[PDB]
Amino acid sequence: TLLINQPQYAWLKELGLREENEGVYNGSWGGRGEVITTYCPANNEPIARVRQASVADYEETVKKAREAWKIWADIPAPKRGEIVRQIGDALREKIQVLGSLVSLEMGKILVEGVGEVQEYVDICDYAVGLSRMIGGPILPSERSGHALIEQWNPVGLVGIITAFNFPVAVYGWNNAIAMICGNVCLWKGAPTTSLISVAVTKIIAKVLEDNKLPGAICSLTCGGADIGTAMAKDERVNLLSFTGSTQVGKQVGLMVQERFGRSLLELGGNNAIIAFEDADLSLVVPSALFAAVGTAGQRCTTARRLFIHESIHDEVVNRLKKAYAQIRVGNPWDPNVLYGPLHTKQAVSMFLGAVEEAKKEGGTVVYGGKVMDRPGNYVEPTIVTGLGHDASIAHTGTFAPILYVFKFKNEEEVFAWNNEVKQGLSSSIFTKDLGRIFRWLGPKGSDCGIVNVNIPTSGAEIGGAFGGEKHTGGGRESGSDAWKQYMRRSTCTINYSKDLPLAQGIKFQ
């Protein structure tokens, strides 16, 4: 019955996966919690099983992780980069089979499953050089005979909670950066992508053990809300990096603040594309389509709100409808497929609720809107017109492939409409107007963490920091100086002079 027991999926064994897999790694493999079976969202068939972490597994893992940190924090950062460099190579050696697992267990198409593994590889190669660069300035002290230096040190144990939709890359950004910064890591991925978490951890565990390093440096405790909540409340998790929904992320943020911990929050987006009258429409339509239906609309950066100037609204909507009609739906591993299943059956149900609610709020479905009658969690990519920019279903957002299209007339109102939602991840304008572009980049422009021009809302590379504002949580991952979130700053004054302080009337000896 299990896909891994069928000969056509024998490649799963290339990742060291078997029928039932240990979901706890801390130098040793184990798992005394509930045994979870994950299913292929393309056909609802069970893949294989993972033994999740019990409470005792978590406790023992946190303790071993903190013990491992004593060794890890003493290793010079450039030599930690060498370990990350070898992780990058180990992922490279398995990039095809690992991407296939992503397409199989998570459900995105092969080029994106592979693309996600590549993203992890790239942040490793980036981190190798960064491991020779992290630090702070020596500043000129105002005091004679004094040195003033800014030092950066690891926070210690970095808990990393990741979500289903990017079950490799998000962890990889957190892991590569946290590691070169001298932290040990504890990963709790999404339960429905447990095999992916196990397969990644198996790849990292081999690198650590080959270098005779304690495996708890990159610990794994598979589990659900119970393990994630424990991490949020655990004073031993110095930094908790959380990627997931705003609702859960809000509670995580509060629990970490309650104990004066650090949180790095990467939550939802309600991302807008704005097409102005002067836009290259041959650029708008494909950019809008791919940003909306890519990954079955399940990216944090998915385009969910399409603002079109009134003069070109009907043309762009008509051109999208005809282009939507050609989206090729199928099994995500089939090479010609552009559009795969939603991750869960619950997501299918939420999609239907959103479509029907959008109809109740006055919207018109001009394309899609129905569940597809076929095995798996397939729904039609959908376009909804006629809603006001402030319609409730547009503000709350769903994680469904539904593109809400709005009209606008002038720049000032649509910048505000971009900014009026609670989320603040990504944003894009399509225009040729030089001044409009820089106003968009300015203080009266987009309020998001990613502010794009003539590229859709999913345009981001590892060189920059990734994250958003407002209800997106404020955290940043990957590039620029995002590494400082994984370290603690100290401002250090060293008196190296023989100067004694002024006595101020006091007679010392």
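Each residue number is its position in the shown sequence, starting from 1.
The deposited model assigns a higher average Cα B-factor to 308 to 316 than to the other stretch when 308 to 316 and 199 to 207 are compared. When the two stretches 62 to 70 and 46 to 54 are set side by side, the higher mean Cα temperature factor goes to 46 to 54.
As recorded in the PDB entry, 337 shows the highest C-alpha B-factor of the residues 337, 170, 148, 117. Comparing C-alpha B-factors across 165, 326, 247, 229 in the deposited entry, the largest value falls on 326. In this PDB entry, residue 446 carries a Cα temperature factor that places it within the lowest third of its chain's modelled residues. Among the modelled residues of its chain, residue 482 has a C-alpha B-factor that falls in the lowest third, as given in the PDB entry. Residue 493: CA B factor in the middle third of modelled residues in this chain (values from the PDB entry). Remark: residue 212 belongs to the lowest third of its chain, ranked by C-alpha B-factor as recorded. Among all modelled residues in its chain, residue 39 ranks in the highest third by Cα B-factor.
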